[PDB]
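Since the structure comes first, as structure tokens, the remarks are kept for the end.
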Amino acid sequence: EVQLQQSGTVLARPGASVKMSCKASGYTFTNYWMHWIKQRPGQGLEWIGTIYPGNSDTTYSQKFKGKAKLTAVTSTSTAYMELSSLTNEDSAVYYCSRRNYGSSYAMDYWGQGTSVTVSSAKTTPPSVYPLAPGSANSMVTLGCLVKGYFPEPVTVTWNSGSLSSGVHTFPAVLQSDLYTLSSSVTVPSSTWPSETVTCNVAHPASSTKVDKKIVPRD
Amino acid sequence: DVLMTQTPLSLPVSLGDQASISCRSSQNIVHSXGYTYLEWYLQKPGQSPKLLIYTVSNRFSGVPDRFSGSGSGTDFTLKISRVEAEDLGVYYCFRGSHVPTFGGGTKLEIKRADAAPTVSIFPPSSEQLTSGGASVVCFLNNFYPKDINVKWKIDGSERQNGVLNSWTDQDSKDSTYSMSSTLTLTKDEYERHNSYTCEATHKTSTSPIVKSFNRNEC
């Protein structure tokens, strides 16, 4: 089978450079063009450029000339992309794929992708706050605010995970180098506060785990 | 310039229904030879994009006969009969000739009955205040369709700086969407105002849903 294995996740500072690899196996590496696609969080696929390993010819999208540098090592059937002057906008997942011609004319095989994050933040643990109803119906909504952490990800459960439905854990938002997110949980008002409701936020990177039991705002 | 305009951006359907995704090229896609290099790719959550259709209507190996494509010149279409659960994701047309370019993408989503959002507003927790920060959280949960807008009012005055938004992906259980809006201020600015208002505008109502509280009241 045709296979494309890409280098692992990378964290880099603005202005610096990073080089990721796309290792090919299962086909004649020098006979096909290798393409590179960029994808920003929640955004659409974007063609970066391509290189023909057979003679190092390359063609870049006008938007990436000077940003992406494509090289290829025949000996090891490995393709490389090097990004310069990193900025926050370069943060994204980068895919490599082989464009076939013959049995099919398209990018039939894609790598698993390399996630690149560009940030000047240093590991920061999250502050966790309880969101409880201010004044004294049938259904009640509670939640937790996980604020100012870095880097991703963060896991949020309610009652250690036993409380699963009615839960909405929102995608984190990047604000001034740090991440913030929230999680709501709606339960039958006859369950709270008679029964306990706790959010459990965990942050591996900062070796931190926090539990907040939601209690009325008496 | 020779862009690839893909419409619609969001395509909600009922499972079993047919889906048609369109793609228009600002210029006539040339002929790579007699073949016309226009492909259709599908990307499911957490996965790499994958080949669906190439040369306008040729179905890539392993692809169900439910997928078919057609078109010519500047207009191309991806048709999906009996859309099924596993077909949900984002589709991308691609011009593989001259200047390789991706289309903006189309998210194939589930259609259901309209539903008004349940809005829950929470004042800053005393813990966050203890540290000098002040976040006012507002949830707009389980509404349909996905389109919605939030406006914050501090003492009847609209505020838009310092607001962070986040949206969940369609709920795999009731097919609704949820949003989380967090207004973040300093404790001092927060304590200089009394009325805090979150208000959602959704098609399910000619009048906005308004949730609020006054700092003094407890």
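Residue numbering restarts at 1 in every chain; chains get A, B, ... in the order shown in the structure tokens, and ligands count up from 1 in that same order.
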Polymer residues at most 12 Å from region 62-70 of chain B, only C-alpha atoms, same-chain spacing of 3 or more positions, as an NGL selection string: (:A and (108)) or (:B and (16-23 or 36-42 or 50-59 or 73-84 or 86-87 or 91 or 93))
Could you write out as a ChimeraX atom specification the residues of chain B within 7 Å of chain A, counting only C-alpha atoms? /B:39,48,51,54-55,100-102,104-105,120,122,125,127-128,166-168,180,218
Contacts of residue 145 (chain B) at 8 Å or less, counting only C-alpha atoms, minus same-chain residues fewer than 2 places along, as a VMD selection string? chain B and resid 114 to 115 143 147 176 to 177
Okay, now the selection with N, CA and C atoms, as a PDB file, in the first residue's frame?
ATOM      1  N   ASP B 114     -36.873  23.501  13.713  1.00  0.00           N
ATOM      2  CA  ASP B 114     -36.280  24.675  14.314  1.00  0.00           C
ATOM      3  C   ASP B 114     -36.430  24.525  15.808  1.00  0.00           C
ATOM      4  N   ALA B 115     -35.537  25.176  16.547  1.00  0.00           N
ATOM      5  CA  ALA B 115     -35.565  25.140  17.999  1.00  0.00           C
ATOM      6  C   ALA B 115     -34.938  26.427  18.533  1.00  0.00           C
ATOM      7  N   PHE B 143     -30.081  25.120  19.971  1.00  0.00           N
ATOM      8  CA  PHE B 143     -30.916  25.855  19.033  1.00  0.00           C
ATOM      9  C   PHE B 143     -30.664  25.344  17.605  1.00  0.00           C
ATOM     10  N   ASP B 147     -27.342  29.324  12.686  1.00  0.00           N
ATOM     11  CA  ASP B 147     -27.202  30.777  12.627  1.00  0.00           C
ATOM     12  C   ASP B 147     -27.712  31.477  13.872  1.00  0.00           C
ATOM     13  N   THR B 176     -28.816  19.633  17.495  1.00  0.00           N
ATOM     14  CA  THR B 176     -28.840  21.070  17.725  1.00  0.00           C
ATOM     15  C   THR B 176     -27.429  21.629  17.756  1.00  0.00           C
ATOM     16  N   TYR B 177     -27.343  22.929  17.973  1.00  0.00           N
ATOM     17  CA  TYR B 177     -26.068  23.608  18.058  1.00  0.00           C
ATOM     18  C   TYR B 177     -26.134  24.394  19.352  1.00  0.00           C
TER      19      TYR B 177
END
Excluding same-chain residues fewer than 2 positions from residue 119 (chain B), what lies within 7 Å of it counting only C-alpha atoms, as number ranges by chain? B: 117, 121, 138-141, 211
Set the distance at 10 Å and use only C-alpha atoms: which residues neighbour residue 159 (chain A) once local chain neighbours fewer than 5 positions away are removed? I'd like the list as a PyMOL selection string. chain A and resi 164+196-200+211-213
I'd like the interatomic distance between CA of residue 15 (chain B) and CA of residue 144 (chain B), to a tenth of an Å.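 So the two atoms, CA of residue 15 (chain B) and CA of residue 144 (chain B), lie 16.8 Å apart.
Pairwise distance (CA of residue 208 (chain B), CA of residue 123 (chain B)) equals 20.2 Å.
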Every residue of region 11-152 of chain B that DSSP places in helix (DSSP H, G or I), as a PyMOL selection string: chain B and resi 85-87+126-130
Report, in Å with one decimal, the straight-line distance from CA of residue 116 (chain B) to CA of residue 203 (chain B). 8.2 Å
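Among the candidate residues A:138, A:88, A:214, A:76, the one lying nearest to residue 121 (chain A) is A:88, with distances computed using only C-alpha atoms.
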Can you list every residue in region 106-141 of chain A that DSSP puts in strand (DSSP E or B), as a PyMOL selection string? chain A and resi 106-110+114-118+124+127-131+139-141
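Those residues that approach residue 163 (chain B) to within 12 Å, counting only C-alpha atoms, are residues 173, 174, 175 and 180 of chain A; 134, 135, 136, 137, 138, 150, 151, 152, 153, 180, 181, 182, 183, 184, 185 and 198 of chain B; same-chain residues fewer than 6 positions away are not listed.
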For residue 31 (chain B), which residue among B:96, B:89, B:49, B:12 is the nearest when counting only C-alpha atoms? B:96
For each of A:36, A:208, A:1, A:101, take the minimum atom-to-atom distance to residue 32 (chain B), counting only C-alpha atoms, then give the residue where this is smallest.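 That would be A:101, the residue with the smallest distance to residue 32 (chain B).
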